[PDB]
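**Q** Take a look at structure07.txt, compact mmCIF, C-alpha atoms:
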# COMPACT_ATOMS: atom_id res chain seq x y z
CA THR A 2 27.46 -23.79 4.55
CA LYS A 3 23.76 -23.90 5.25
CA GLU A 4 20.84 -22.53 3.33
CA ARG A 5 19.62 -19.04 4.14
CA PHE A 6 16.25 -17.47 3.46
CA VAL A 7 14.05 -14.44 2.85
CA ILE A 8 10.40 -15.06 3.66
CA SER A 9 7.89 -12.80 1.90
CA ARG A 10 4.69 -12.70 3.98
CA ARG A 11 1.74 -10.65 2.81
CA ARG A 12 -2.02 -11.23 3.05
CA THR A 13 -3.60 -8.05 1.54
CA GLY A 14 -4.47 -7.23 -2.11
CA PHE A 15 -2.30 -8.86 -4.76
CA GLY A 16 -0.72 -5.60 -5.91
CA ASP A 17 0.64 -5.10 -2.40
CA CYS A 18 1.62 -8.79 -2.16
CA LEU A 19 3.37 -8.78 -5.51
CA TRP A 20 5.22 -5.47 -4.99
CA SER A 21 6.28 -6.61 -1.52
CA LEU A 22 7.32 -9.94 -3.12
CA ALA A 23 9.59 -8.01 -5.53
CA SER A 24 11.32 -6.40 -2.52
CA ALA A 25 11.96 -9.70 -0.78
CA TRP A 26 13.12 -11.19 -4.07
CA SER A 27 15.63 -8.39 -4.61
CA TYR A 28 17.30 -8.91 -1.19
CA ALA A 29 17.36 -12.70 -1.69
CA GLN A 30 19.10 -12.17 -5.02
CA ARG A 31 21.59 -9.64 -3.64
CA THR A 32 22.51 -11.81 -0.63
CA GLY A 33 22.35 -15.39 -2.07
CA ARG A 34 19.25 -16.46 -0.18
CA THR A 35 16.30 -18.69 -1.01
CA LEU A 36 12.95 -16.90 -1.31
CA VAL A 37 9.90 -18.26 0.43
CA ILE A 38 6.52 -16.98 -0.74
CA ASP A 39 4.27 -17.27 2.33
CA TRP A 40 0.71 -16.17 1.66
CA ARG A 41 -0.80 -18.15 4.50
CA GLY A 42 -3.70 -16.10 5.95
CA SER A 43 -4.56 -14.33 2.64
CA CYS A 44 -7.79 -12.33 2.66
CA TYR A 45 -8.79 -14.55 -0.29
CA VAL A 46 -8.37 -17.97 1.34
CA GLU A 47 -10.59 -19.22 4.18
CA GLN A 48 -8.19 -21.85 5.53
CA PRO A 49 -5.62 -19.93 7.62
CA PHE A 50 -2.66 -22.29 7.17
CA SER A 51 -3.03 -22.84 3.44
CA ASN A 52 -0.38 -21.02 1.37
CA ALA A 53 -2.55 -19.02 -1.03
CA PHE A 54 0.17 -18.54 -3.67
CA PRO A 55 -0.58 -21.86 -5.51
CA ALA A 56 -4.30 -21.22 -5.39
CA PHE A 57 -3.77 -18.36 -7.90
CA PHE A 58 -0.35 -18.93 -9.54
CA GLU A 59 1.42 -21.94 -10.99
CA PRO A 60 4.26 -23.58 -8.97
CA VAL A 61 7.55 -21.72 -9.27
CA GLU A 62 10.98 -23.02 -8.10
CA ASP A 63 13.21 -20.27 -9.50
CA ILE A 64 12.83 -16.57 -10.30
CA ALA A 65 15.72 -15.08 -12.21
CA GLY A 66 18.35 -17.25 -10.48
CA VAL A 67 16.80 -17.13 -7.02
CA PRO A 68 15.49 -20.46 -5.65
CA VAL A 69 11.86 -20.26 -4.60
CA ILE A 70 9.62 -22.18 -2.18
CA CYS A 71 6.02 -21.16 -2.85
CA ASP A 72 3.85 -23.93 -1.52
CA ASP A 73 2.72 -25.85 1.57
CA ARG A 74 6.31 -26.72 2.57
CA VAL A 75 6.07 -23.54 4.65
CA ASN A 76 4.06 -25.80 7.00
CA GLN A 77 6.77 -28.50 7.14
CA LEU A 78 10.09 -26.64 6.93
CA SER A 79 11.78 -25.05 9.94
CA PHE A 80 13.43 -21.88 8.68
CA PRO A 81 16.68 -21.32 10.67
CA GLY A 82 17.48 -18.54 13.07
CA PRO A 83 18.77 -16.16 14.02
CA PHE A 84 15.96 -14.02 12.54
CA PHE A 85 15.76 -10.41 11.29
CA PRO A 86 13.92 -8.29 12.21
CA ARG A 87 14.94 -9.10 15.77
CA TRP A 88 11.32 -9.31 16.97
CA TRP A 89 11.24 -12.73 15.30
CA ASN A 90 13.71 -14.16 17.78
CA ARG A 91 11.25 -13.61 20.64
CA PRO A 92 9.38 -16.63 22.08
CA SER A 93 6.11 -17.26 20.24
CA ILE A 94 3.96 -16.40 23.28
CA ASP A 95 5.59 -12.99 23.10
CA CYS A 96 4.71 -12.82 19.41
CA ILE A 97 0.94 -13.01 19.84
CA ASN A 98 0.81 -9.18 20.11
CA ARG A 99 1.71 -7.74 16.74
CA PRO A 100 0.35 -4.21 16.51
CA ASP A 101 0.72 -1.85 13.56
CA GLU A 102 3.47 0.00 15.44
CA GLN A 103 5.65 -3.08 15.40
CA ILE A 104 4.83 -3.86 11.80
CA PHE A 105 5.76 -0.28 10.76
CA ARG A 106 9.00 -0.63 12.80
CA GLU A 107 9.87 -3.71 10.81
CA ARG A 108 9.15 -1.99 7.44
CA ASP A 109 11.64 0.61 8.54
CA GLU A 110 14.21 -1.90 9.77
CA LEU A 111 13.99 -3.91 6.55
CA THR A 112 14.32 -0.71 4.53
CA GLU A 113 17.65 0.26 6.20
CA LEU A 114 18.80 -3.35 5.95
CA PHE A 115 18.11 -3.40 2.20
CA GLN A 116 20.11 -0.17 1.87
CA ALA A 117 23.05 -1.37 4.00
CA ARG A 118 26.22 -2.61 2.29
CA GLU A 119 26.65 -5.57 4.67
CA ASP A 120 24.31 -8.53 4.46
CA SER A 121 22.59 -9.44 7.73
CA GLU A 122 24.05 -12.25 9.85
CA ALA A 123 20.50 -13.56 10.40
CA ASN A 124 19.92 -16.89 8.59
CA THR A 125 16.31 -16.06 7.86
CA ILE A 126 14.88 -12.60 6.98
CA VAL A 127 11.17 -12.41 7.79
CA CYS A 128 9.36 -9.86 5.67
CA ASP A 129 5.92 -9.27 7.16
CA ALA A 130 5.17 -5.57 6.50
CA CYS A 131 4.40 -3.47 3.46
CA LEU A 132 7.50 -3.35 1.20
CA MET A 133 5.95 -1.35 -1.59
CA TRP A 134 8.57 1.06 -3.01
CA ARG A 135 11.44 -0.93 -1.41
CA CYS A 136 12.90 -2.24 -4.65
CA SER A 137 13.61 -1.24 -8.19
CA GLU A 138 11.03 -1.06 -10.90
CA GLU A 139 12.99 -3.85 -12.64
CA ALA A 140 12.54 -6.05 -9.61
CA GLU A 141 8.75 -5.55 -9.88
CA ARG A 142 8.72 -6.28 -13.59
CA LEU A 143 10.78 -9.43 -13.09
CA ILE A 144 8.17 -10.74 -10.66
CA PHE A 145 5.33 -10.14 -13.05
CA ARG A 146 7.19 -11.76 -15.91
CA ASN A 147 8.33 -14.80 -13.99
CA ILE A 148 5.25 -16.05 -12.21
CA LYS A 149 2.23 -17.32 -14.06
CA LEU A 150 -1.45 -17.16 -13.24
CA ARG A 151 -3.36 -20.42 -12.99
CA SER A 152 -4.75 -21.45 -16.39
CA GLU A 153 -8.37 -21.10 -15.32
CA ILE A 154 -7.74 -17.46 -14.54
CA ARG A 155 -5.81 -16.90 -17.83
CA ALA A 156 -8.62 -18.49 -19.82
CA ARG A 157 -10.99 -15.89 -18.37
CA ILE A 158 -8.61 -12.98 -19.14
CA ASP A 159 -8.16 -14.39 -22.68
CA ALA A 160 -11.91 -14.65 -23.30
CA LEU A 161 -12.61 -11.14 -22.03
CA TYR A 162 -9.69 -9.69 -24.06
CA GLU A 163 -11.08 -11.17 -27.27
CA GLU A 164 -14.67 -10.16 -26.39
CA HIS A 165 -14.00 -6.50 -25.47
CA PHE A 166 -10.34 -5.42 -25.98
CA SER A 167 -9.39 -6.88 -29.32
CA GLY A 168 -9.92 -4.30 -32.10
CA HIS A 169 -10.41 -1.44 -29.60
CA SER A 170 -8.64 1.15 -27.50
CA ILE A 171 -9.60 0.61 -23.89
CA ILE A 172 -9.58 3.22 -21.16
CA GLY A 173 -9.30 1.42 -17.83
CA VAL A 174 -10.81 2.94 -14.70
CA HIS A 175 -10.08 1.71 -11.22
CA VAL A 176 -12.34 3.17 -8.55
CA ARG A 177 -11.74 1.99 -5.01
CA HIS A 178 -13.99 2.58 -1.99
CA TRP A 191 -23.06 12.49 0.48
CA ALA A 192 -20.98 15.41 -0.80
CA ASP A 193 -18.07 13.00 -0.49
CA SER A 194 -19.62 10.27 -2.69
CA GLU A 195 -21.07 12.85 -5.05
CA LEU A 196 -17.70 14.61 -5.35
CA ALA A 197 -15.89 11.31 -6.07
CA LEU A 198 -18.30 10.36 -8.81
CA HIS A 199 -17.90 13.84 -10.28
CA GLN A 200 -14.13 13.44 -10.15
CA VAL A 201 -14.25 10.04 -11.81
CA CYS A 202 -16.38 11.53 -14.56
CA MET A 203 -13.91 14.38 -15.02
CA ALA A 204 -11.13 11.79 -15.35
CA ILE A 205 -13.03 9.73 -17.93
CA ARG A 206 -13.77 12.88 -19.95
CA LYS A 207 -10.07 13.75 -20.05
CA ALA A 208 -9.14 10.22 -21.01
CA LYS A 209 -11.79 10.21 -23.76
CA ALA A 210 -10.56 13.49 -25.26
CA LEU A 211 -7.15 11.97 -26.12
CA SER A 212 -6.65 10.37 -29.51
CA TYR A 213 -6.62 6.57 -29.84
CA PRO A 214 -5.89 4.43 -32.90
CA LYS A 215 -9.01 2.23 -32.49
CA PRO A 216 -12.61 2.62 -31.30
CA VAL A 217 -12.70 3.46 -27.61
CA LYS A 218 -14.36 1.54 -24.81
CA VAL A 219 -14.30 2.08 -21.03
CA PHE A 220 -13.30 -0.79 -18.76
CA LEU A 221 -14.46 -0.14 -15.20
CA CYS A 222 -13.06 -2.00 -12.22
CA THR A 223 -14.90 -1.02 -9.06
CA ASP A 224 -16.21 -2.81 -6.02
CA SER A 225 -19.27 -0.51 -5.99
CA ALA A 226 -22.40 -1.64 -7.85
CA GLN A 227 -23.62 1.99 -7.51
CA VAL A 228 -20.55 3.34 -9.23
CA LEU A 229 -20.85 0.73 -12.00
CA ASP A 230 -24.46 1.70 -12.61
CA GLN A 231 -23.77 5.43 -12.54
CA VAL A 232 -20.62 5.43 -14.68
CA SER A 233 -22.30 3.11 -17.17
CA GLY A 234 -25.30 5.40 -17.39
CA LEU A 235 -23.07 8.42 -17.93
CA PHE A 236 -20.79 7.19 -20.70
CA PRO A 237 -21.12 4.92 -23.69
CA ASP A 238 -19.36 1.60 -24.12
CA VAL A 239 -18.72 0.98 -20.43
CA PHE A 240 -18.10 -2.66 -19.47
CA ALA A 241 -16.93 -4.56 -16.42
CA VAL A 242 -16.11 -8.22 -15.71
CA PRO A 243 -19.35 -9.87 -14.53
CA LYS A 244 -20.38 -11.69 -11.35
CA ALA A 257 -14.30 -20.50 0.69
CA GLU A 258 -15.02 -20.79 -3.05
CA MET A 259 -16.17 -17.12 -2.83
CA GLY A 260 -12.80 -16.05 -1.35
CA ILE A 261 -11.08 -17.82 -4.25
CA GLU A 262 -13.52 -16.26 -6.70
CA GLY A 263 -12.95 -12.84 -5.07
CA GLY A 264 -9.17 -13.34 -5.56
CA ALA A 265 -9.59 -14.49 -9.14
CA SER A 266 -11.75 -11.51 -10.09
CA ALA A 267 -9.20 -9.17 -8.54
CA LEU A 268 -6.46 -10.70 -10.67
CA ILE A 269 -8.52 -10.74 -13.82
CA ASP A 270 -9.14 -6.96 -13.42
CA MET A 271 -5.52 -6.19 -12.46
CA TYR A 272 -4.10 -7.92 -15.52
CA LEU A 273 -6.71 -6.64 -17.96
CA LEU A 274 -6.06 -3.14 -16.64
CA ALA A 275 -2.49 -3.59 -17.83
CA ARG A 276 -3.68 -4.25 -21.41
CA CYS A 277 -5.38 -0.83 -21.59
CA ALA A 278 -4.29 2.14 -23.71
CA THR A 279 -4.94 4.56 -20.80
CA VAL A 280 -5.58 3.85 -17.12
CA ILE A 281 -7.29 6.07 -14.57
CA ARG A 282 -6.08 5.51 -11.05
CA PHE A 283 -8.59 6.38 -8.37
CA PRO A 284 -6.61 6.53 -6.27
CA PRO A 285 -3.03 6.40 -7.57
CA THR A 286 -1.81 5.34 -4.14
CA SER A 287 -3.36 1.89 -4.79
CA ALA A 288 -1.01 -0.96 -5.66
CA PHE A 289 -3.93 -2.56 -7.60
CA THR A 290 -3.01 -0.44 -10.60
CA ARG A 291 0.77 -0.57 -10.12
CA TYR A 292 1.12 -3.28 -12.74
CA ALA A 293 -0.93 -1.17 -15.21
CA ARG A 294 1.26 1.78 -14.25
CA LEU A 295 4.28 -0.21 -15.30
CA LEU A 296 2.88 -1.35 -18.66
CA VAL A 297 0.28 1.11 -19.83
CA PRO A 298 1.12 4.00 -22.22
CA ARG A 299 -0.89 6.69 -20.42
CA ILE A 300 -1.94 7.14 -16.79
CA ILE A 301 -4.47 9.63 -15.47
CA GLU A 302 -4.80 10.52 -11.83
CA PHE A 303 -5.65 13.25 -9.39
CA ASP A 304 -2.49 14.98 -8.29
CA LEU A 305 -1.38 14.36 -4.65
CA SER A 306 0.84 17.52 -4.75
CA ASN A 307 -2.02 19.59 -6.30
CA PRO A 308 -5.45 18.39 -5.12
CA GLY A 309 -8.56 18.37 -7.36
CA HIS A 310 -6.40 18.72 -10.49
CA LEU A 311 -6.01 15.87 -12.96
CA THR A 312 -2.63 15.01 -14.28
CA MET A 313 -1.43 12.79 -17.05
CA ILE A 314 1.72 10.67 -17.15
CA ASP A 315 3.23 9.17 -20.25
CA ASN A 316 5.23 6.01 -19.65
CA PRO A 317 7.87 6.19 -18.38
Mind turning this structure into structure tokens?
**A**
Amino acid sequence: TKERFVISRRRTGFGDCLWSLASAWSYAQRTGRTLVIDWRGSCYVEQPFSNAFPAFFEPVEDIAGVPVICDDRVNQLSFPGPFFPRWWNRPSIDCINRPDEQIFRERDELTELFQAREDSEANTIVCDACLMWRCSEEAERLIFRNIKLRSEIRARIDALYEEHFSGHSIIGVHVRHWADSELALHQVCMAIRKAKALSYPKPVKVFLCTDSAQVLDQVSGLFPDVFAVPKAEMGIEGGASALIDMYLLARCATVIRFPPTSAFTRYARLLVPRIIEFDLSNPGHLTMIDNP
């Protein structure tokens, strides 16, 4: 009997990477395979063959009974074929073209595979598409509980928690990405107003996570007690600030998701008591979700 694998490849924001990790993990568990975390080519790492996982998380060899390879051994080990999806059996010169069409195909093919009663005969499953929603909520939670941020990142979360969150009830706001820009700011303000009108056991502050300096300035000038985390190595720092925000969001009493399609706030969605978002099914109208 030879070792068999599921490789989780993702290179986008960490919420996407970690959700998609949970999906790969689940299939590995179900089918008795070893999980490979392959974050080579991350948007946060300049060096294209460096596995980014260890740059942000501590080494992990097991997650809930599933053996894990999370490091630069991806550059040394030859994972065995046959491969699923079947595209991965093609010669590498034929694998240079990898358009979105193909990637979406694979998401679909992995989705039916994960739903099928029979394990695949392939020795290695290559997961290299978005696998958000392709696992249980428990699978996602297990991931978050069983990997650990690098201590330098934790130290920063810990300092900011003590400095702003301790003793307070924090409303977290994630805003991602002229009538358009004006409308969005209006909408964010409407959301904050709703969040602020709820009752909290401690004095309220607003924790804003946005990539826009304009939004930070405007939201801060429009509400009291608004704060945000300040400030190759810049890729790493970009990744670290993302994680700091993602994890602090999950310590908030209420979180506003703008938009609620973003995996950035999925972890908050799992942990936070109250979520506020604009309704997909009913546009322009705020809705509130108590957890669950």
**Q** Rank A:288, A:294, A:86, A:262 by their smallest atom-to-atom distance to residue 317 of chain A, using all atoms listed in the file, and report the top residue only.
**A**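 Of A:288, A:294, A:86, A:262, the one nearest residue 317 of chain A is A:294, counting all atoms listed in the file.
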**Q** Please tabulate, as a Markdown table, the residues of segment 89-205 of chain A that come within 12 Å of segment 39-44 of chain A, each with its closest pair of atoms and the distance in Å to one decimal, counting all atoms listed in the file and ordering rows by chain, then residue number upward.
**A**
| residue | atom | partner | partner_atom | distance |
| --- | --- | --- | --- | --- |
| A:127 | CA | A:39 | CA | 10.1 |
| A:128 | CA | A:39 | CA | 9.6 |
| A:129 | CA | A:39 | CA | 9.5 |
**Q** Since we have the selection now, will you write its residues out, keeping C-alpha atoms, as an mmCIF file, in the coordinates of the input?
**A**
data_model
loop_
_atom_site.group_PDB
_atom_site.id
_atom_site.type_symbol
_atom_site.label_atom_id
_atom_site.label_comp_id
_atom_site.auth_asym_id
_atom_site.auth_seq_id
_atom_site.Cartn_x
_atom_site.Cartn_y
_atom_site.Cartn_z
ATOM 1 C CA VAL A 127 11.170 -12.410 7.790
ATOM 2 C CA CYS A 128 9.360 -9.860 5.670
ATOM 3 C CA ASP A 129 5.920 -9.270 7.160
#
**Q** When you draw a straight line from atom CA of residue 218 of chain A to atom CA of residue 238 of chain A, how long is it in Å?
**A**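 Interatomic distance here is 5.0 Å.
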**Q** Could you check which of A:151, A:87, A:282, A:118 is closest to residue 54 of chain A, using all atoms listed in the file?
**A**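 Counting all atoms listed in the file, the residue closest to residue 54 of chain A is A:151.
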**Q** Figure out the distance between atom CA of residue 299 of chain A and atom CA of residue 313 of chain A, please, to one decimal in Å.
**A**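 These two atoms are separated by 7.0 Å.
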**Q** Quick one: everything within 10 Å of residue 112 of chain A, counting all atoms listed in the file, minus sequence neighbours fewer than 3 positions away in the same chain. Send it as a PyMOL selection string.
**A** chain A and resi 24+106-109+115-117+132+134-136
**Q** Quick check, in Å to one decimal: how far apart do atom CA of residue 59 of chain A and atom CA of residue 15 of chain A lie?
**A** 15.0 Å
**Q** Contacts of residue 279 of chain A at 7 Å or less, counting only C-alpha atoms, minus same-chain residues fewer than 5 places along, as JSON, numbers by chain?
**A** {"A": [171, 172, 173, 297, 298, 299, 300]}
**Q** So, counting only C-alpha atoms, which residue among A:176, A:228, A:268, A:23 is closest to residue 142 of chain A?
**A** A:23
**Q** Using only C-alpha atoms for the distances, tell me which of A:290, A:212, A:76, A:231 is nearest to residue 20 of chain A.
**A**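 Nearest to residue 20 of chain A: A:290.
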**Q** Extract segment 259-296 of chain A from the structure I just pasted (atoms: C-alpha atoms) and return it as a PDB file, in the first residue's frame.
**A**
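For reference, result-v2.pdb as written:
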ATOM      1  CA  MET A 259       6.131  44.295   1.796  1.00  0.00           C
ATOM      2  CA  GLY A 260       4.334  41.190   0.429  1.00  0.00           C
ATOM      3  CA  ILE A 261       4.940  39.496   3.787  1.00  0.00           C
ATOM      4  CA  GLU A 262       3.808  42.628   5.615  1.00  0.00           C
ATOM      5  CA  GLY A 263       0.733  42.821   3.344  1.00  0.00           C
ATOM      6  CA  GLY A 264      -0.079  39.177   4.271  1.00  0.00           C
ATOM      7  CA  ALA A 265       0.501  39.789   7.962  1.00  0.00           C
ATOM      8  CA  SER A 266      -1.771  42.835   8.052  1.00  0.00           C
ATOM      9  CA  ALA A 267      -4.487  40.861   6.265  1.00  0.00           C
ATOM     10  CA  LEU A 268      -4.288  38.151   8.918  1.00  0.00           C
ATOM     11  CA  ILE A 269      -4.161  40.563  11.801  1.00  0.00           C
ATOM     12  CA  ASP A 270      -7.428  42.182  10.542  1.00  0.00           C
ATOM     13  CA  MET A 271      -9.110  38.836   9.771  1.00  0.00           C
ATOM     14  CA  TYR A 272      -8.483  37.459  13.250  1.00  0.00           C
ATOM     15  CA  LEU A 273      -9.288  40.671  15.110  1.00  0.00           C
ATOM     16  CA  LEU A 274     -12.528  40.865  13.136  1.00  0.00           C
ATOM     17  CA  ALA A 275     -13.436  37.535  14.708  1.00  0.00           C
ATOM     18  CA  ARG A 276     -13.079  39.012  18.226  1.00  0.00           C
ATOM     19  CA  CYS A 277     -15.770  41.631  17.515  1.00  0.00           C
ATOM     20  CA  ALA A 278     -19.259  41.779  19.040  1.00  0.00           C
ATOM     21  CA  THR A 279     -20.795  42.655  15.635  1.00  0.00           C
ATOM     22  CA  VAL A 280     -19.286  42.494  12.145  1.00  0.00           C
ATOM     23  CA  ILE A 281     -20.368  44.361   9.035  1.00  0.00           C
ATOM     24  CA  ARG A 282     -19.597  42.526   5.844  1.00  0.00           C
ATOM     25  CA  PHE A 283     -19.152  44.742   2.817  1.00  0.00           C
ATOM     26  CA  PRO A 284     -19.538  42.594   0.925  1.00  0.00           C
ATOM     27  CA  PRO A 285     -20.772  39.371   2.538  1.00  0.00           C
ATOM     28  CA  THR A 286     -19.558  37.391  -0.453  1.00  0.00           C
ATOM     29  CA  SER A 287     -15.967  37.958   0.774  1.00  0.00           C
ATOM     30  CA  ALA A 288     -14.192  35.051   2.444  1.00  0.00           C
ATOM     31  CA  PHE A 289     -12.132  37.638   4.411  1.00  0.00           C
ATOM     32  CA  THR A 290     -14.933  37.842   6.955  1.00  0.00           C
ATOM     33  CA  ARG A 291     -15.908  34.156   6.862  1.00  0.00           C
ATOM     34  CA  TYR A 292     -13.947  33.442  10.025  1.00  0.00           C
ATOM     35  CA  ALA A 293     -15.714  36.359  11.786  1.00  0.00           C
ATOM     36  CA  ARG A 294     -18.983  34.998  10.417  1.00  0.00           C
ATOM     37  CA  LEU A 295     -18.255  31.721  12.145  1.00  0.00           C
ATOM     38  CA  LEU A 296     -17.347  33.226  15.522  1.00  0.00           C
TER      39      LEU A 296
END
